[PDB]
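Colleague: The following file, model_32.pdb, comprises PDB, C-alpha atoms:
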```
ATOM      1  CA  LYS X   6      -8.873  80.729   7.252  1.00  0.00           C
ATOM      2  CA  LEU X   7     -11.860  78.618   8.339  1.00  0.00           C
ATOM      3  CA  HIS X   8     -14.610  77.737   5.856  1.00  0.00           C
ATOM      4  CA  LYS X   9     -18.170  76.422   6.201  1.00  0.00           C
ATOM      5  CA  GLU X  10     -19.430  73.264   4.459  1.00  0.00           C
ATOM      6  CA  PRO X  11     -23.031  72.049   4.076  1.00  0.00           C
ATOM      7  CA  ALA X  12     -24.444  69.152   6.080  1.00  0.00           C
ATOM      8  CA  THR X  13     -27.894  67.653   6.591  1.00  0.00           C
ATOM      9  CA  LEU X  14     -29.459  66.911   9.956  1.00  0.00           C
ATOM     10  CA  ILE X  15     -29.954  63.239  10.828  1.00  0.00           C
ATOM     11  CA  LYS X  16     -30.757  63.572  14.569  1.00  0.00           C
ATOM     12  CA  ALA X  17     -30.059  65.733  17.658  1.00  0.00           C
ATOM     13  CA  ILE X  18     -28.715  63.480  20.454  1.00  0.00           C
ATOM     14  CA  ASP X  19     -27.977  65.859  23.333  1.00  0.00           C
ATOM     15  CA  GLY X  20     -27.322  69.511  24.163  1.00  0.00           C
ATOM     16  CA  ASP X  21     -23.758  69.098  22.890  1.00  0.00           C
ATOM     17  CA  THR X  22     -23.994  66.383  20.201  1.00  0.00           C
ATOM     18  CA  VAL X  23     -25.779  66.094  16.840  1.00  0.00           C
ATOM     19  CA  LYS X  24     -25.667  63.406  14.135  1.00  0.00           C
ATOM     20  CA  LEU X  25     -25.381  64.822  10.578  1.00  0.00           C
ATOM     21  CA  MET X  26     -24.924  63.587   6.985  1.00  0.00           C
ATOM     22  CA  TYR X  27     -21.493  65.077   6.029  1.00  0.00           C
ATOM     23  CA  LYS X  28     -20.138  64.519   2.529  1.00  0.00           C
ATOM     24  CA  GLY X  29     -22.542  61.630   1.961  1.00  0.00           C
ATOM     25  CA  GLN X  30     -21.871  59.862   5.284  1.00  0.00           C
ATOM     26  CA  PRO X  31     -23.509  59.920   8.708  1.00  0.00           C
ATOM     27  CA  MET X  32     -21.300  61.257  11.500  1.00  0.00           C
ATOM     28  CA  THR X  33     -21.799  62.401  15.102  1.00  0.00           C
ATOM     29  CA  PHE X  34     -20.504  65.902  15.913  1.00  0.00           C
ATOM     30  CA  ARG X  35     -19.532  67.253  19.321  1.00  0.00           C
ATOM     31  CA  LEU X  36     -19.881  71.072  19.552  1.00  0.00           C
ATOM     32  CA  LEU X  37     -16.448  72.687  19.989  1.00  0.00           C
ATOM     33  CA  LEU X  38     -15.604  74.790  23.031  1.00  0.00           C
ATOM     34  CA  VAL X  39     -18.763  74.336  25.066  1.00  0.00           C
ATOM     35  CA  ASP X  40     -19.901  72.132  27.931  1.00  0.00           C
ATOM     36  CA  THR X  41     -23.667  71.792  28.362  1.00  0.00           C
ATOM     37  CA  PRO X  42     -25.476  70.037  31.221  1.00  0.00           C
ATOM     38  CA  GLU X  43     -26.189  66.542  29.817  1.00  0.00           C
ATOM     39  CA  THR X  44     -29.115  64.160  29.792  1.00  0.00           C
ATOM     40  CA  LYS X  45     -26.786  61.249  28.996  1.00  0.00           C
ATOM     41  CA  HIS X  46     -24.118  62.118  31.488  1.00  0.00           C
ATOM     42  CA  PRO X  47     -21.929  59.032  31.958  1.00  0.00           C
ATOM     43  CA  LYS X  48     -22.000  59.067  35.787  1.00  0.00           C
ATOM     44  CA  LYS X  49     -24.915  61.324  36.620  1.00  0.00           C
ATOM     45  CA  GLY X  50     -27.433  60.620  33.797  1.00  0.00           C
ATOM     46  CA  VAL X  51     -29.711  63.732  33.621  1.00  0.00           C
ATOM     47  CA  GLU X  52     -28.279  66.942  35.145  1.00  0.00           C
ATOM     48  CA  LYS X  53     -30.118  70.182  35.962  1.00  0.00           C
ATOM     49  CA  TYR X  54     -30.690  72.239  32.769  1.00  0.00           C
ATOM     50  CA  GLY X  55     -29.795  69.075  30.791  1.00  0.00           C
ATOM     51  CA  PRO X  56     -33.265  68.695  29.262  1.00  0.00           C
ATOM     52  CA  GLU X  57     -33.387  72.407  28.513  1.00  0.00           C
ATOM     53  CA  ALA X  58     -30.017  72.551  26.711  1.00  0.00           C
ATOM     54  CA  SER X  59     -31.045  69.414  24.861  1.00  0.00           C
ATOM     55  CA  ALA X  60     -34.328  70.940  23.653  1.00  0.00           C
ATOM     56  CA  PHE X  61     -32.558  74.203  22.661  1.00  0.00           C
ATOM     57  CA  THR X  62     -30.048  72.492  20.333  1.00  0.00           C
ATOM     58  CA  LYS X  63     -32.743  70.211  18.812  1.00  0.00           C
ATOM     59  CA  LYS X  64     -35.088  73.087  18.031  1.00  0.00           C
ATOM     60  CA  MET X  65     -32.315  75.141  16.515  1.00  0.00           C
ATOM     61  CA  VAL X  66     -31.177  72.453  14.110  1.00  0.00           C
ATOM     62  CA  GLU X  67     -34.554  70.958  13.306  1.00  0.00           C
ATOM     63  CA  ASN X  68     -35.978  74.262  12.247  1.00  0.00           C
ATOM     64  CA  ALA X  69     -33.124  75.397  10.053  1.00  0.00           C
ATOM     65  CA  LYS X  70     -33.167  75.758   6.289  1.00  0.00           C
ATOM     66  CA  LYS X  71     -29.421  75.275   6.058  1.00  0.00           C
ATOM     67  CA  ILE X  72     -26.898  73.660   8.408  1.00  0.00           C
ATOM     68  CA  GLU X  73     -23.156  74.280   7.938  1.00  0.00           C
ATOM     69  CA  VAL X  74     -20.159  72.801   9.789  1.00  0.00           C
ATOM     70  CA  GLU X  75     -16.897  74.700  10.302  1.00  0.00           C
ATOM     71  CA  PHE X  76     -13.822  72.776  11.558  1.00  0.00           C
ATOM     72  CA  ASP X  77     -11.144  74.706  13.511  1.00  0.00           C
ATOM     73  CA  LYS X  78      -7.354  74.548  12.794  1.00  0.00           C
ATOM     74  CA  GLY X  79      -6.392  71.494  14.901  1.00  0.00           C
ATOM     75  CA  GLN X  80      -7.703  67.936  15.077  1.00  0.00           C
ATOM     76  CA  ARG X  81     -11.126  67.402  13.538  1.00  0.00           C
ATOM     77  CA  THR X  82     -12.235  64.300  15.513  1.00  0.00           C
ATOM     78  CA  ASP X  83     -12.053  63.399  19.255  1.00  0.00           C
ATOM     79  CA  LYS X  84     -11.100  60.050  20.813  1.00  0.00           C
ATOM     80  CA  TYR X  85     -14.662  58.756  20.326  1.00  0.00           C
ATOM     81  CA  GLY X  86     -14.666  59.467  16.593  1.00  0.00           C
ATOM     82  CA  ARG X  87     -16.972  62.494  16.886  1.00  0.00           C
ATOM     83  CA  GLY X  88     -16.278  65.469  14.550  1.00  0.00           C
ATOM     84  CA  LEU X  89     -15.209  68.663  16.433  1.00  0.00           C
ATOM     85  CA  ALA X  90     -16.757  71.748  14.858  1.00  0.00           C
ATOM     86  CA  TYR X  91     -18.738  74.953  15.211  1.00  0.00           C
ATOM     87  CA  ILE X  92     -22.246  74.226  13.808  1.00  0.00           C
ATOM     88  CA  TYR X  93     -24.307  76.942  12.120  1.00  0.00           C
ATOM     89  CA  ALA X  94     -28.101  77.009  11.687  1.00  0.00           C
ATOM     90  CA  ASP X  95     -29.079  79.613   9.055  1.00  0.00           C
ATOM     91  CA  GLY X  96     -25.843  81.456   9.706  1.00  0.00           C
ATOM     92  CA  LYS X  97     -26.193  81.471  13.537  1.00  0.00           C
ATOM     93  CA  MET X  98     -23.510  79.524  15.489  1.00  0.00           C
ATOM     94  CA  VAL X  99     -25.268  76.967  17.753  1.00  0.00           C
ATOM     95  CA  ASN X 100     -22.181  76.939  20.000  1.00  0.00           C
ATOM     96  CA  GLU X 101     -22.488  80.669  20.748  1.00  0.00           C
ATOM     97  CA  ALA X 102     -26.284  80.586  21.044  1.00  0.00           C
ATOM     98  CA  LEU X 103     -26.083  78.031  23.900  1.00  0.00           C
ATOM     99  CA  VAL X 104     -23.481  80.118  25.785  1.00  0.00           C
ATOM    100  CA  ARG X 105     -25.338  83.381  25.173  1.00  0.00           C
ATOM    101  CA  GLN X 106     -28.441  81.854  26.824  1.00  0.00           C
ATOM    102  CA  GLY X 107     -26.731  80.464  29.918  1.00  0.00           C
ATOM    103  CA  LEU X 108     -27.219  76.854  28.760  1.00  0.00           C
ATOM    104  CA  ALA X 109     -23.496  76.123  28.426  1.00  0.00           C
ATOM    105  CA  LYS X 110     -20.091  77.190  29.827  1.00  0.00           C
ATOM    106  CA  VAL X 111     -16.957  77.750  27.705  1.00  0.00           C
ATOM    107  CA  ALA X 112     -14.965  74.492  28.019  1.00  0.00           C
ATOM    108  CA  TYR X 113     -11.328  73.906  28.878  1.00  0.00           C
ATOM    109  CA  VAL X 114      -9.584  74.996  25.651  1.00  0.00           C
ATOM    110  CA  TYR X 115      -6.989  73.009  23.690  1.00  0.00           C
ATOM    111  CA  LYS X 116      -4.996  75.122  21.233  1.00  0.00           C
ATOM    112  CA  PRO X 117      -5.020  75.342  18.276  1.00  0.00           C
ATOM    113  CA  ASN X 118      -8.775  74.553  18.367  1.00  0.00           C
ATOM    114  CA  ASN X 119      -9.485  77.952  19.897  1.00  0.00           C
ATOM    115  CA  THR X 120     -10.395  80.252  17.059  1.00  0.00           C
ATOM    116  CA  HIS X 121     -13.716  81.537  18.489  1.00  0.00           C
ATOM    117  CA  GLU X 122     -12.610  81.408  22.124  1.00  0.00           C
ATOM    118  CA  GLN X 123     -12.713  85.177  22.701  1.00  0.00           C
ATOM    119  CA  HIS X 124     -16.074  85.519  21.035  1.00  0.00           C
ATOM    120  CA  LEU X 125     -17.522  82.751  23.192  1.00  0.00           C
ATOM    121  CA  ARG X 126     -15.954  84.072  26.378  1.00  0.00           C
ATOM    122  CA  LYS X 127     -17.601  87.480  25.758  1.00  0.00           C
ATOM    123  CA  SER X 128     -20.962  85.803  25.342  1.00  0.00           C
ATOM    124  CA  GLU X 129     -20.521  83.816  28.584  1.00  0.00           C
ATOM    125  CA  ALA X 130     -19.668  86.968  30.535  1.00  0.00           C
ATOM    126  CA  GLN X 131     -22.834  88.617  29.219  1.00  0.00           C
ATOM    127  CA  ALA X 132     -24.890  85.553  30.231  1.00  0.00           C
ATOM    128  CA  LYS X 133     -23.345  85.555  33.736  1.00  0.00           C
ATOM    129  CA  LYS X 134     -24.092  89.274  34.070  1.00  0.00           C
ATOM    130  CA  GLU X 135     -27.727  88.653  33.069  1.00  0.00           C
ATOM    131  CA  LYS X 136     -27.987  85.687  35.470  1.00  0.00           C
ATOM    132  CA  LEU X 137     -29.486  83.402  32.839  1.00  0.00           C
ATOM    133  CA  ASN X 138     -30.315  79.722  33.421  1.00  0.00           C
ATOM    134  CA  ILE X 139     -27.141  78.085  34.710  1.00  0.00           C
ATOM    135  CA  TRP X 140     -26.158  81.450  36.197  1.00  0.00           C
ATOM    136  CA  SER X 141     -29.463  82.192  38.011  1.00  0.00           C
TER     137      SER X 141
END
```
Please go through the file and, once you have read it, give me the structure as structure tokens.
Modeller:
Amino acid sequence: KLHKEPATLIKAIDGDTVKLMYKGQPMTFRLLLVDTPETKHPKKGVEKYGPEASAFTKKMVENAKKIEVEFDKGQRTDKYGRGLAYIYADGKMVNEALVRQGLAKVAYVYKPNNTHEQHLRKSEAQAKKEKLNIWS
């Protein structure tokens, strides 16, 4: 089963990345299963909806009373040393919130890090159907 652990916000970097204090040490986390338009896109720089997704994540984490991280069942860090997790702000998953609002698409999935895949896919379908942001 997956479990949530406490963390403290250090800084929001982009729509899909946040820096947190986790077990007494600073770490950068990449949100699992979602792709947001980026402001620090490696080739493109700032993409359309990049600034918006960035502000959404930042607001959500900065305003929270409690942040929790939940790792999935597979690898916990990517090739850049970022933690791979679902992040929760006062019990609300940031990953799902972005998708639900049309500010992110469900990424290419790599089993076994796919626990909330179905949940996220349902939210994306609902966002497409409502023609929100990216889908407008």
Colleague: For residue 63 of chain X, list every protein, DNA or RNA residue within 7 Å, evaluated using all atoms listed in the file, and leave out those in the same chain fewer than 4 positions away; present the list as number ranges by chain.
Modeller: X: 17, 59, 67
Colleague: Run the PyMOL selection byres ((chain X and resi 74) around 12) against the file shown and list the residues it catches, as a ChimeraX atom specification.
Modeller: /X:7-14,23-28,32-37,66,71-73,75-77,81,88-100
Colleague: Please identify all polymer residues within 12 Å of residue 114 of chain X, counting all atoms listed in the file, omitting same-chain residues fewer than 2 positions from it, and present them as a list in words.
Modeller: residues 37, 38, 39, 40, 79, 110, 111, 112, 116, 117, 118, 119, 120, 121, 122, 123, 125 and 126 of chain X
Colleague: Find the smallest box with edges along x, y and z containing every listed atom of segment 102-119 of chain X, then add 6 Å on each side and report centre and edge lengths in Å to one decimal, as JSON.
Modeller:
```
{"center_x": -16.7, "center_y": 78.2, "center_z": 24.1, "size_x": 35.4, "size_y": 22.4, "size_z": 23.6}
```
Colleague: What does the structure give for the distance between atom CA of residue 20 of chain X and atom CA of residue 102 of chain X, in Å to one decimal?
Modeller: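 Those two atoms sit 11.6 Å apart.
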Colleague: Rank nothing, just name the residue among X:21, X:109, X:55, X:50 nearest to residue 140 of chain X, using all atoms listed in the file.
Modeller: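 With all atoms listed in the file as the atom set, the closest residue is X:109.
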Colleague: What's the 6 Å shell around residue 108 of chain X, counting all atoms listed in the file, without same-chain residues fewer than 4 positions away, as a list in words?
Modeller: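 Once the adjacent positions are removed, what remains is residues 58, 103 and 104 of chain X.
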Colleague: Taking only C-alpha atoms into account, which of X:105, X:16, X:87, X:53 comes nearest residue 133 of chain X?
Modeller: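 Nearest to residue 133 of chain X: X:105.
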Colleague: Atom CA of residue 141 of chain X to atom CA of residue 57 of chain X: how many Å, to one decimal?
Modeller: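 For atom CA of residue 141 of chain X relative to atom CA of residue 57 of chain X, the distance reads 14.2 Å.
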Colleague: How far is it from atom CA of residue 84 of chain X to atom CA of residue 45 of chain X, in Å with one decimal?
Modeller: 17.7 Å
Colleague: Quick one: of X:60, X:130, X:15, X:65, who's nearest to residue 44 of chain X, counting only C-alpha atoms?
Modeller: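 For residue 44 of chain X, the nearest of the candidates is X:60.
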Colleague: Compare X:107, X:29, X:42, X:86 by their minimum atom-to-atom distance to residue 132 of chain X, counting all atoms listed in the file, and give me the closest one.
Modeller: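 With all atoms listed in the file as the atom set, the closest residue is X:107.
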Colleague: Pick the closest to residue 129 of chain X from X:106, X:113, X:78, X:64: which is it, counting all atoms listed in the file?
Modeller: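 Looking at the shortest contact to residue 129 of chain X, the residue is X:106.
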Colleague: Rebuild segment 76-107 of chain X so that it carries N, CA and C atoms, then output the result as a compact mmCIF listing (two decimals), in the coordinates of the input.
Modeller:
```
# COMPACT_ATOMS: atom_id res chain seq x y z
N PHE X 76 -14.87 73.38 10.71
CA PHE X 76 -13.82 72.78 11.56
C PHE X 76 -12.84 73.89 11.95
N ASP X 77 -12.15 73.68 13.08
CA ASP X 77 -11.14 74.71 13.51
C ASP X 77 -9.79 74.32 12.88
N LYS X 78 -8.69 74.85 13.37
CA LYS X 78 -7.35 74.55 12.79
C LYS X 78 -6.67 73.31 13.30
N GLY X 79 -7.09 72.65 14.35
CA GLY X 79 -6.39 71.49 14.90
C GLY X 79 -7.08 70.21 14.49
N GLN X 80 -7.07 69.22 15.39
CA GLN X 80 -7.70 67.94 15.08
C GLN X 80 -9.21 68.13 14.83
N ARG X 81 -9.70 67.33 13.90
CA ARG X 81 -11.13 67.40 13.54
C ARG X 81 -11.97 66.33 14.17
N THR X 82 -11.41 65.34 14.82
CA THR X 82 -12.24 64.30 15.51
C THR X 82 -11.70 64.06 16.90
N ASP X 83 -12.53 63.69 17.86
CA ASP X 83 -12.05 63.40 19.26
C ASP X 83 -11.75 61.89 19.36
N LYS X 84 -11.44 61.46 20.59
CA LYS X 84 -11.10 60.05 20.81
C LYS X 84 -12.27 59.10 20.61
N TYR X 85 -13.48 59.61 20.51
CA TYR X 85 -14.66 58.76 20.33
C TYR X 85 -15.10 58.75 18.88
N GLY X 86 -14.33 59.46 18.04
CA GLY X 86 -14.67 59.47 16.59
C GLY X 86 -15.71 60.52 16.26
N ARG X 87 -15.99 61.40 17.20
CA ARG X 87 -16.97 62.49 16.89
C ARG X 87 -16.21 63.63 16.18
N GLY X 88 -16.87 64.28 15.25
CA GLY X 88 -16.28 65.47 14.55
C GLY X 88 -16.30 66.64 15.57
N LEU X 89 -15.30 67.51 15.52
CA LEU X 89 -15.21 68.66 16.43
C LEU X 89 -15.41 69.91 15.58
N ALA X 90 -16.55 70.57 15.76
CA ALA X 90 -16.76 71.75 14.86
C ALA X 90 -17.66 72.77 15.47
N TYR X 91 -17.75 73.89 14.83
CA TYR X 91 -18.74 74.95 15.21
C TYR X 91 -19.89 74.63 14.25
N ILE X 92 -21.12 74.60 14.70
CA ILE X 92 -22.25 74.23 13.81
C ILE X 92 -23.08 75.50 13.63
N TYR X 93 -23.52 75.74 12.41
CA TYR X 93 -24.31 76.94 12.12
C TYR X 93 -25.69 76.53 11.58
N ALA X 94 -26.69 77.18 12.09
CA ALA X 94 -28.10 77.01 11.69
C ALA X 94 -28.50 78.39 11.11
N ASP X 95 -28.70 78.39 9.79
CA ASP X 95 -29.08 79.61 9.06
C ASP X 95 -28.12 80.76 9.42
N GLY X 96 -26.87 80.46 9.38
CA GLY X 96 -25.84 81.46 9.71
C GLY X 96 -25.65 81.75 11.15
N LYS X 97 -26.39 81.21 12.08
CA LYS X 97 -26.19 81.47 13.54
C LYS X 97 -25.40 80.32 14.16
N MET X 98 -24.33 80.63 14.88
CA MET X 98 -23.51 79.52 15.49
C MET X 98 -24.30 78.94 16.67
N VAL X 99 -24.56 77.64 16.64
CA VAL X 99 -25.27 76.97 17.75
C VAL X 99 -24.41 77.06 19.02
N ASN X 100 -23.10 76.91 18.83
CA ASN X 100 -22.18 76.94 20.00
C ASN X 100 -22.37 78.22 20.79
N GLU X 101 -22.35 79.33 20.04
CA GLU X 101 -22.49 80.67 20.75
C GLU X 101 -23.86 80.85 21.32
N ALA X 102 -24.90 80.45 20.55
CA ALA X 102 -26.28 80.59 21.04
C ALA X 102 -26.42 79.92 22.39
N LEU X 103 -25.92 78.70 22.57
CA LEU X 103 -26.08 78.03 23.90
C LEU X 103 -25.43 78.86 25.00
N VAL X 104 -24.24 79.35 24.76
CA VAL X 104 -23.48 80.12 25.78
C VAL X 104 -24.20 81.44 26.09
N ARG X 105 -24.63 82.09 25.02
CA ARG X 105 -25.34 83.38 25.17
C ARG X 105 -26.56 83.24 26.05
N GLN X 106 -27.25 82.11 26.03
CA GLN X 106 -28.44 81.85 26.82
C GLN X 106 -28.24 81.24 28.19
N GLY X 107 -27.01 81.05 28.60
CA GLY X 107 -26.73 80.46 29.92
C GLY X 107 -27.04 78.99 29.92
```
